[PDB]
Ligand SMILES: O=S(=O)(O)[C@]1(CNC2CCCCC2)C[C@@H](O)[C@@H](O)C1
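A single chain comes next, written as C-alpha cells; it is the form deposited without this ligand.
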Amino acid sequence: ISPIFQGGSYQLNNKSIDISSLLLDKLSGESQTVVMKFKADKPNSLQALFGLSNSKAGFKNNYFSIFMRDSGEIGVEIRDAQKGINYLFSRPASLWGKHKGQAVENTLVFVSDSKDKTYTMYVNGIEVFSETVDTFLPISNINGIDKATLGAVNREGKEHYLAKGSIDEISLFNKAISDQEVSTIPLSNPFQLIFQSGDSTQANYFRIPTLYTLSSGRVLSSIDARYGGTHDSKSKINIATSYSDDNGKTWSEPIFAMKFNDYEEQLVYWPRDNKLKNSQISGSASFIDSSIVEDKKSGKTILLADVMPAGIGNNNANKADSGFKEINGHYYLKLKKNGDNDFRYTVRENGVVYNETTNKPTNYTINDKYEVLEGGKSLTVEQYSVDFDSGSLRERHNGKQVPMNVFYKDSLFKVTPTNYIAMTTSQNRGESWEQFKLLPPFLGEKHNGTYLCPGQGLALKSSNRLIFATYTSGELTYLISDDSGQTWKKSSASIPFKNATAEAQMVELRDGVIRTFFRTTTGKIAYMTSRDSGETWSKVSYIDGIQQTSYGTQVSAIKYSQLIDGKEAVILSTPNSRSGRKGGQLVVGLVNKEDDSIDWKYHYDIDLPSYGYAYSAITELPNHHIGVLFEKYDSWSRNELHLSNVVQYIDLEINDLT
C-alpha cells in the first residue's frame, strides 16, 4: 500500500507547477487517495491546491480540483461535461493558517472510493465531508485529462484559481484507503479536541465553551452538547464537562452536568442544504449556556445553565411570566395539568403538588429530579428519537420508557413555557454532578427569567463572595452569594440597551474591584466597574482598538496572575472584526494603578484575520500558560451551521502574545 507518486516542498507563488509527466501515467483504476501536507498563511480568496484537468479548448469544465477559500473552507470539484457531471463538495472552516507566529502544516486526506461510490475529506484529523453519489466519477476517468497541476487548475491553456501557499508533501494512491489507515497518518495540529463527535456525549455538535482553573490544578471545561445541529433553539442540548489534570495536555471523557431524557442522545448528521438546515428538534426540553465557579470555602464547584422546557416558543412563550407564583414572600413553581387551560397548580414544600383553585394538595409529588410521582410511584413517558429518513425531520416514539419530567412534552404536569436558571454542584471537582435545582425569580413574579452569561462566575479573592453575571433587557443582573451558593441576591446594573445579548464576563482588578466586559449592539465591547465587591456599578464605557459586528460576540476575560512590563494585567479573548466572527485575538491590557484604566498594549492574532473565531474561553493554567477553548468558525453565519469539531483548544505562553 505505497504511493504511486510522492513529491515535496513546492512553493505556490501565483505560478502553477506542472507535474503531469510525473503523475498522470501512474494513475490507474477508479479509486484514489490524495495525501497532502500544505501551508497557506496568505491565501487568495479562492485557490486550487491541486488539479487534474483536460486543458484542451472546449473542455473547460472537465477537471478535478482540491481548493480552498480565504475563509478557511476546503473542497473538491469533480466535473465532466460529456458525462453531465458537476460535483462540488465542501465544508467551511476546515483549515488553520497561523499559530504562535508560524504557518500551520495542514494535513489533507482526500479519499475517492469507486466501490462505495463515496468521496471523503479529512483535514488535520477531522472528517469534514463524506458524500455518496448515485453516479460515481473516478477522478482520473474525466474525459481527456492531460494535465496534473499544483497551485492552479489548467483550463484551456490558462491558470485558474492560482494559489499562494506551499505544499511540503504530496502523495497519491491507486487505492481508497481504509478509515483505519487514515488514522495512522501523522498530523501537525496546533490544536486538540476536548469535546468531539462520537465521544461519550454522542452529540455531533458543540458550542458555548467554558474553562476554569480549580485550586487543585485541575482545569475544568463545560459546553453545550448540541444534538439538533448547532441551533440555539429549538433543539436538544445537554451540558457536558471534561477536566484536565496535566495542564491541558489530556482531558477526561466527558460526563453530563445537566441532561434530559425525553429525547435520545443521538449522533445525527444535520442537513446543510438551504431547504433543510433550519430543521429543528422541536419537542425536546434542553439547556444552553453554562457558567462555572469554584467556592473557596466549601470547595464545591458550581455550574449554572439556562433551562427550557419542551413547550418553549419564540414569541408568546413566555415573557412577563417567571413561572413561579409568589405566596407570602416565597416563590413556588407553577404547573399545568393536561386538560387545563391555565396553571392551577404549584409545587410547595417537599414537592407536593397543590391545586390552586381549591388550595388543597393532590396525590402527586415532584421529586429532586423534577420527576412526577403519583402516590409515590414513578410515572414515565416514552422517549422520542429523530431521523431524516422520510427526507425531512421526524420525531417519533421509540419504545423506551423514561421518568415523567415536568419539563417534558408528554408529561402530565408542565412548567410555564419560559426560560429558567438551573444550578448543579460537584463535590469531586467534576467527577460527578448533583441533580440541578431551579433558581428562584429575581425580578419578581411577573418577569421572565434573565439569561446566564456563559463562561465563568467570579470568586472574589478576599472573601467568600460568589458572583454570576446574567442579562435581561436594559440591564446586567448579577447573582451574588455569600454562603456557598445556597442563597442568592441580585445586583442590577443599568445598560444603555434594550434587547441586547449582553453576555458579560468579570475580572477582579484588585480586592473588591470588579471590571465586567460585555457584548453590545454598538460594534464595541463595553465595560463597567464595581468597587464594593458587586454591590454597586459604574456607568458604561467602551473599548476602542477592538471591533465587533453590530450583533456582536461573547468575550472572555481573565486577570493574569503575573505582572507584565511591571504592571498588573488582564487578558481579553474576542473576534476582532466588524464583518463577521473571525480575526480571533487575545488582547493584553496593563492596568494604570492611578485610575484603574487599562492600556491595551498587545494584540495576539489566534489565526488569520479572515478565519473563523466566535465564542471563547480563557484560563490561566497552573503553569502560567494560557488555555483557550473556542469556536473556530463563524457561529453566526447561516452558511457555517452544523460543522463538527470546530470547537478547539490551544495552549499559549505569555511571550507568544508579546
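All residue numbers refer to positions in the sequence shown, first residue = 1.
Note that the form solved in complex with this ligand isn't included here; everything after this is about it.
Checked against this ligand in the deposited complex, the candidates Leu303, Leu172, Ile558, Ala526 yield a single residue with a heavy atom inside 4.5 Å, and that residue is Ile558.
Comment: this ligand is not present in this chain, but in the deposited complex one of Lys26, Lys601, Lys593, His624 has a heavy atom within 4.5 Å of it, namely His624. With this ligand left out of view, the stretch that reaches within 4.5 Å of it through heavy atoms in the deposited complex is, among 454 to 462, 529 to 537, 172 to 180, 267 to 275, 454 to 462. Taking non-hydrogen atoms only, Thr619 approaches this ligand to within 4.5 angstroms in the deposited complex. This ligand in the deposited complex comes within 4.5 Å of no heavy atom belonging to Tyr227. Not displayed here, this ligand is kept clear of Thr107 by more than 4.5 Å at the level of heavy atoms in the deposited complex. The closest non-hydrogen atom of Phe260 lies beyond 4.5 Å of this ligand in the deposited complex. Contacts between 193 to 227 and this ligand, taken as any heavy atom within 4.5 Å in the deposited complex, involve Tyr212, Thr213.
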